[PDB]
Participant: 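Could you have a look at this structure, given as C-alpha cells, before my questions?
Only this structure's heavy atoms are used, side chains among them; waters, hydrogens and symmetry mates stay out. Each residue takes its place number in the sequence, starting with 1.
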Amino acid sequence: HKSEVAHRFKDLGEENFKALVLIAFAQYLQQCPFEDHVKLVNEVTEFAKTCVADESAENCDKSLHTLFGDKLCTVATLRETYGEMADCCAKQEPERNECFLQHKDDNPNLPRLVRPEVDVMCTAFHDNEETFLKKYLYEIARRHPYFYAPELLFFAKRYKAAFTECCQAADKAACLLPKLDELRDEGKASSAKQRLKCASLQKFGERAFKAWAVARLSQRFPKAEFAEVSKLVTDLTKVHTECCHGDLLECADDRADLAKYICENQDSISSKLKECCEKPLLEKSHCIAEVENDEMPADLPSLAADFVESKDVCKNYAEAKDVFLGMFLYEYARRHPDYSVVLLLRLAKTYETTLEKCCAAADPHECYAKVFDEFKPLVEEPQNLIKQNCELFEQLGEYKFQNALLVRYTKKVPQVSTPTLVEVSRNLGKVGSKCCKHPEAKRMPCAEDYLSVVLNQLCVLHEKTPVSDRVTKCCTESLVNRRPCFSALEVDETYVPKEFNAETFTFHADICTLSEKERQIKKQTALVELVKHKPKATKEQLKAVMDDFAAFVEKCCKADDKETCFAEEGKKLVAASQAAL
Ligand SMILES: CCCCCCCCCCCCCCCC(=O)O
Ligand SMILES: CCCCCCCCCCCCCCCC(=O)O
Ligand SMILES: CCCCCCCCCCCCCCCC(=O)O
Ligand SMILES: CCCCCCCCCCCCCCCC(=O)O
Ligand SMILES: CCCCCCCCCCCCCCCC(=O)O
Ligand SMILES: CCCCCCCCCCCCCCCC(=O)O
Ligand SMILES: CC(C)[C@H](N)C(=O)O
Ligand SMILES: [Cl-]
Ligand SMILES: [Ru+3]
C-alpha cells in the first residue's frame with residue numbers, strides 16, 4: 001500500500017469514496033456550509049485519482065490520517081469558526097489526529113431538520129438528485145458526528161430507494177412517509193445501541209462486554225467451537241473499544257479484518273455467511289453482523305455432564321474462572337437462541353455465585369447439585385411477561401394497548417413529565433406490534449432488542465432531568481438487571497395527586513381536524529393528566545370516563561355548531577367525571 005488513498009479508492013469505488021469523504025469531513029467541520037464540503041470532496045477525489053494512476057505521485061505515499069488532517073488545516077476559517085480546534089494544526093501526527101478527535105463536538109447547536117412536504121421533496125429529488133441527496137447526507141452527518149460513516153451510507157442508500165419508488169406512485173405520501181418514519185426509527189435505534197455498548201464498556205468493564213459477546217456469538221454460531229467463539233470475542237472487544245474511541249479509519253480497519261477472518265474460516269464458524277462474504281468490503285462486516293443465527297447441532301446433550309455431575313468442576317473453575325463460566329455461557333446460549341442475552345447472563349451469574357459458595361464447601365457436589373433448578377424462575381419471568389403482554393396486545397389494539405401501558409406506568413412513576421410518559425408508552429406499544437407477531441421462540445430476543453433502546457432513551461432523558469430515585473437505581477444498575485428493575489417498579493403510594501386544571505381537560509373542535517396521530521397524542525396526554533389528577537381511579541372507573549370522552553368527541557365532531565358542543569358538553573363531561581372520581 002504505497003498509496004492508501006489509491007487502495008481505498010479502488011476498493012470502495014468513486015461513488016462510495018465521495019460519499020464517505022463527505023460524511024467524514026461533515027462530522028468534523030459541522031458548521032461549514034454544504035458547498036464548502038463539496039469542493040473539499042472534489043479536491044480529495046481528484047487527488048485520489050492521481051494516486052490511482054500513479055501511486056508514486058506526490059503526497060500519495062502519505063497516510064490517510066495525515067491527508068485528512070492536512071485538508072482540515074487548509075480550511076481558511078478554521079480558527080474563526082472552530083477556535084481551539086485549529087490549534088491541533090500546530091501539532092504533528094499522531095497527536096494532531098488525536099487532537100481533532102477530542103474536539104469533535106457531539107450535540108452541535110443546529111436547528112432541527114424540518115421534513116419538507118412530500119411534493120417539495122419529490123420535486124427537488126427529480127430536478128437535482130445528487131445535490132438533494134448529498135445535502136441531506138451532509139445535514140445528517142453534521143448532526144451525528146459519531147455515527148459510523150459506512151452505516152450512515154447504508155441508511156442513505158435506503159433513503160434514495162424510498163424516494164425513487166414513492167415519488168412516482170399515485171399517493172406519494174402514503175408510500176414515502178411510513179418508509180421515512182421507519183428509517184428514522186432505525187437510525188435512532190442504531191445510534192442508541194452503539195452508545196449503549198460504549199458506555200457499558202466503560203462503566204461495567206471489558207469482562208461484562210466479553211460475557212455479552214460470548215452469549216450473542218454462541219447463539220449466532222452454535223456449530224462453532226468454544227475456542228473459535230473466544231477468539232471472535234477477543235477480536236470483537238478490541239473492535240468495539242477502538243470504534244468507541246472514535247477514529248473512523250482505525251475502527252474500519254479492525255472491522256474489515258474481523259470480517260476477513262470470519263469469511264476465511266466460515267467452515268469453523270457458520271454456514272449462513274456465503275453471501276455476506278461475497279459482498280464488497282464496504283458491506284461485508286455489516287452483513288455478517290445482521291445475518292441469521294445458524295441452525296444448532298441437533299445432537300446436543302445436557303449441560304449436566306460437564307457442569308454439575310462430573311468431578312473436576314471446582315478444580316476446572318479455580319484453574320480459569322472466567323473461561324469456565326464462558327464455557328457454561330457458550331453451551332447454554334448455543335442451545336437457546338430463544339433466550340435474551342441478558343437472561344443467559346443472569347443464569348451464568350447464578351452459576352458463578354453458586355460455584356463460589358459450593359466450591360468452598362466440604363462436599364461441593366452436594367450444594368451445586370440442584371443449580372439448574374435455580375434457572376427455572378429466571379427463565380419464566382420474561383417468558384410470562386411476554387405471553388401476557390402479547391395477549392393484551394391481541395385483545396386491545398395497538399392504541400388501546402398503549403393506553404393500558406399509559407395508565408400502568410403513570411401510576412408507577414407519576415413524577416415523569418406527561419410528554420415523556422406518552423412517548424414511552426407509545427413506543428412500548430409498537431414493540432408489541434412487532435415482536436408479538438413473532439412465535440414464542442423469537443419473542444424474547446425481539447423484546448430485548450427494542451426494550452434496550454426504549455430503556456436507554458428513557459435513562460438518558462432521566463440523567464438530564466431526574467424525577468425518581470427508583471428510576472435512577474434501575475438506570476445505574478447493570479444492563480442485565482435494568483429491565484427486571486423497571487418491571488419490579490410498583491404503584492407509587494407517596495404520590496400527591498396533581499391539582500385540577502380546567503384548561504388541561506378542555507377540548508375544542510380542532511381535535512376533529514387533526515390526523516389520527518395528533519388526536520391520539522392529544523387524548524393520550526389527557527389520559528396521563530387524568531391519572532395524575534386521580535391516581536386512585538380503577539381501570540373500570542377510568543374506562544367509564546374514557547368511553548364517555550369518546551362519545552363526547554364523536555357527538556361534538558358531528559354536531560352543527562361544533563365549537564359550542566365542545567364547550568357545553570365538555571363542561572358536563574368534566575363535572576360528571578369529577579363526581580365519579
Ligand atoms: C452513494 C451515495 C448515496 C446517496 C446519498 C443519499 C442520501 C439520502 C439522505 C436522506 C435523508 C432524509 C431525511 C428526512 C427527514 C427525517 O425523516 O428525519
Ligand atoms: C471467552 C470468555 C471470556 C470471558 C467471559 C467471562 C465469563 C462470564 C462472566 C461471569 C458471568 C456473567 C456475569 C454478568 C455480566 C455483567 O453484568 O458483568
Ligand atoms: C482525505 C482522505 C481521507 C479518506 C476518508 C474516507 C475514507 C473512508 C474509509 C472507508 C471505510 C471502510 C469500509 C468499511 C469496512 C467495515 O466497516 O467493515
Ligand atoms: C414483546 C412484548 C413487549 C411488550 C412491551 C411492554 C414490556 C413488557 C416486557 C416483557 C419482558 C421483556 C424481557 C426482555 C429480556 C430480558 O429482560 O430478559
Ligand atoms: C425519562 C424519565 C422516565 C422515568 C420512567 C418512566 C416510567 C415508565 C417506564 C416503564 C417501562 C418499563 C419497561 C418494561 C418493564 C415491564 O413493564 O415489566
Ligand atoms: C376528572 C377531570 C376531567 C376528566 C374529563 C375527561 C378526560 C378524558 C381524557 C382521556 C381520554 C382517552 C381516550 C380513550 C381512547 C379513545 O377513545 O381514543
Ligand atoms: C442518526 C439517526 C438519529 C438519524 N435519524 C438517521 O437517519 O440515521
Ligand atoms: Cl432526524
Ligand atoms: Ru433523527
Side-chain angles (χ1 to χ4, degrees), residues 208 211-220 222 226 229 293 296-311 313-314 316-317 321-322 324-361 363-386 388-392 431-432 435-436 438-452 455 474 477-490:
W212 174 91
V214 170
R216 198 40 198 120
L217 283 183
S218 301
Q219 291 177 308
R220 236 174 239 285
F226 171 78
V229 167
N293 294 343
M296 77 167 81
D299 50 282
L300 280 192
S302 168
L303 292 212
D306 294 339
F307 295 105
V308 284
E309 276 144 22
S310 99
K311 65 191 188 60
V313 155
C314 286
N316 290 1
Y317 179 62
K321 307 195 163 175
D322 291 357
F324 194 70
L325 291 169
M327 268 151 178
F328 175 82
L329 206 35
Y330 151 79
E331 299 281 9
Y332 224 117
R334 79 198 281 222
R335 271 154 184 89
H336 286 287
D338 61 318
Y339 285 3
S340 49
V341 181
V342 289
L343 168 58
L344 291 159
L345 295 169
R346 269 167 223 137
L347 300 188
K349 226 199 308 205
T350 296
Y351 186 63
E352 179 178 19
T353 304
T354 54
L355 269 215
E356 282 271 330
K357 249 170 243 151
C358 290
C359 287
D363 194 16
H365 180 262
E366 256 319 288
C367 62
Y368 66 60
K370 307 147 148 285
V371 293
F372 277 65
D373 289 2
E374 308 184 28
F375 298 158
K376 169 87 161 273
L378 295 162
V379 163
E380 288 210 334
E381 190 259 342
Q383 261 164 8
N384 285 336
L385 253 167
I386 283 142
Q388 174 74 317
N389 273 284
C390 286
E391 272 161 11
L392 200 40
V431 177
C435 294
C436 299
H438 275 309
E440 198 199 317
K442 259 157 76 60
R443 272 175 173 189
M444 209 192 315
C446 189
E448 177 187 40
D449 265 304
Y450 296 95
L451 257 300
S452 68
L455 286 182
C474 302
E477 225 101 308
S478 181
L479 268 154
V480 177
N481 293 303
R482 186 179 275 198
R483 200 268 329 148
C485 191
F486 279 109
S487 304
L489 286 182
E490 278 177 298

Participant: Considering only NZ, NE, NH1 and NH2 on the basic side and carboxylate oxygens on the acidic side, decide whether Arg483 and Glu381 come within less than 4.0 Å.
Facilitator: yes
Participant: Is any side-chain heavy atom of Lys349 closer than 4.5 Å to one of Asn481?
Facilitator: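 Yes; the side chains approach each other to less than 4.5 Å.
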Participant: Using the rule given for side chain to side chain contact (heavy atoms under 4.5 Å, CB included), can you reason through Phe486 versus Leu451, listing the C-alpha separation, both sets of side-chain angles and the distance that settles it, and then say yes or no?
Facilitator: CA-CA 11 Å; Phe486 279 109; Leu451 257 300; over 6 Å; no
Participant: Parallel, tilted or perpendicular: which fits the ring planes of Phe372 and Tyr332, with parallel below 30° and perpendicular above 60°?
Facilitator: parallel
Participant: Do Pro364 and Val313 have side-chain heavy atoms sitting under 4.5 Å apart?
Facilitator: no
Participant: May I have the step-by-step check of side chain to side chain contact (heavy atoms under 4.5 Å, CB included) for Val371 and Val308, ending in yes or no?
Facilitator: CA-CA 8 Å; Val371 293; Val308 284; 3.6 Å; yes
Participant: Please round to the nearest 0.5 Å and tell me the distance separating atom CG of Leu347 and atom CG of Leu303.
Facilitator: 10.5 Å
Participant: So if I apply the side-chain contact (heavy atoms from CB on, under 4.5 Å) rule between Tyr339 and each of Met444, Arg346, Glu448, which one comes out positive?
Facilitator: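 For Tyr339, the side-chain contact (heavy atoms from CB on, under 4.5 Å) check succeeds only for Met444.
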Participant: Taking NZ, NE, NH1 and NH2 as the nitrogens, is one of them in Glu331 or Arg335 under 4.0 Å from a carboxylate oxygen of the other?
Facilitator: yes
Participant: Check the pair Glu356 / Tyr317 against side chain to side chain donor-acceptor pair (under 3.5 Å), numbers first and verdict last.
Facilitator: CA-CA 9 Å; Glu356 282 271 330; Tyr317 179 62; 2.9 Å; yes
Participant: Indicate yes or no: at least one non-hydrogen side-chain atom of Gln383 is less than 4.5 angstrom from one of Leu378.
Facilitator: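 A side-chain contact is absent here, since even the closest heavy-atom pair is not under 4.5 Å.
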Participant: Step by step, would you call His336 with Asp338 a side chain to side chain donor-acceptor pair (under 3.5 Å)?
Facilitator: CA-CA 5 Å; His336 286 287; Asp338 61 318; 3.0 Å; yes
Participant: Apply side chain to side chain contact (heavy atoms under 4.5 Å, CB included) to residues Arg216 and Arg220 and explain how you reach the verdict.
Facilitator: CA-CA 6 Å; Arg216 198 40 198 120; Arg220 236 174 239 285; 3.0 Å; yes
Participant: Determine yes or no for a side-chain-to-main-chain donor-acceptor pair under 3.5 angstrom, with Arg443 supplying the side chain and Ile386 the backbone.
Facilitator: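 It does not hold such a pair.
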Participant: A side-chain contact here means heavy atoms from C-beta on lying under 4.5 Å apart; do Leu329 and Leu345 qualify?
Facilitator: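 Yes. Closest side-chain heavy atoms under 4.5 Å.
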Participant: Inspect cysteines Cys390 and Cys435 and report if their side-chain SG atoms are under 2.5 angstrom from one another.
Facilitator: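 With an SG-SG separation of 2.5 Å or more, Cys390 and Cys435 do not form a disulfide.
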Participant: Would you please indicate if the ring centroids of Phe375 and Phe328 are separated by under 6.0 Å?
Facilitator: yes
Participant: Is it true that the SG atoms of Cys359 and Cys314 are less than 2.5 Å apart?
Facilitator: yes
Participant: Please check this pair: side chain of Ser218 against backbone of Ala215, looking for a donor-acceptor N/O pair closer than 3.5 Å.
Facilitator: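 Side chain of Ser218 to backbone of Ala215: no pair is present.
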Participant: List for me each residue that meets side chain to side chain contact (heavy atoms under 4.5 Å, CB included) alongside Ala305, sequence neighbours excluded, and say none if there are none.
Facilitator: none
Participant: Minimum heavy-atom separation for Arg482 and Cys474, please, with both atom names.
Facilitator: CG-O, 3.6 Å
Participant: Locate the shortest heavy-atom distance separating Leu325 from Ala348; write the atom from each residue and the value.
Facilitator: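 Answer, listing the atom of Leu325 first, then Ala348: CD2-O, 4.1 Å.
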Participant: Applying side chain to side chain contact (heavy atoms under 4.5 Å, CB included), run through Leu385 and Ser487 and close with a yes or a no.
Facilitator: CA-CA 9 Å; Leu385 253 167; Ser487 304; 3.9 Å; yes
Participant: Please examine the side chains of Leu344 and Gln219, heavy atoms only from C-beta on, and report whether any two atoms are closer than 4.5 Å.
Facilitator: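 Yes, their side chains come closer than 4.5 Å.
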Participant: Under 6.0 Å between the ring centres of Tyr368 and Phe307?
Facilitator: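 Distance test on ring centres: not under 6.0 Å, no.
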Participant: State the CD-SG distance between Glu477 and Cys485, to the nearest 0.5 angstrom.
Facilitator: 5.5 Å
Participant: With side chains defined as the heavy atoms from C-beta onward, is the minimum distance between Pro297 and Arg334 less than 4.5 Å?
Facilitator: yes
Participant: Side chains of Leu479 and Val342: does their closest heavy-atom pair fall under 4.5 Å?
Facilitator: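 No, side chains not in contact.
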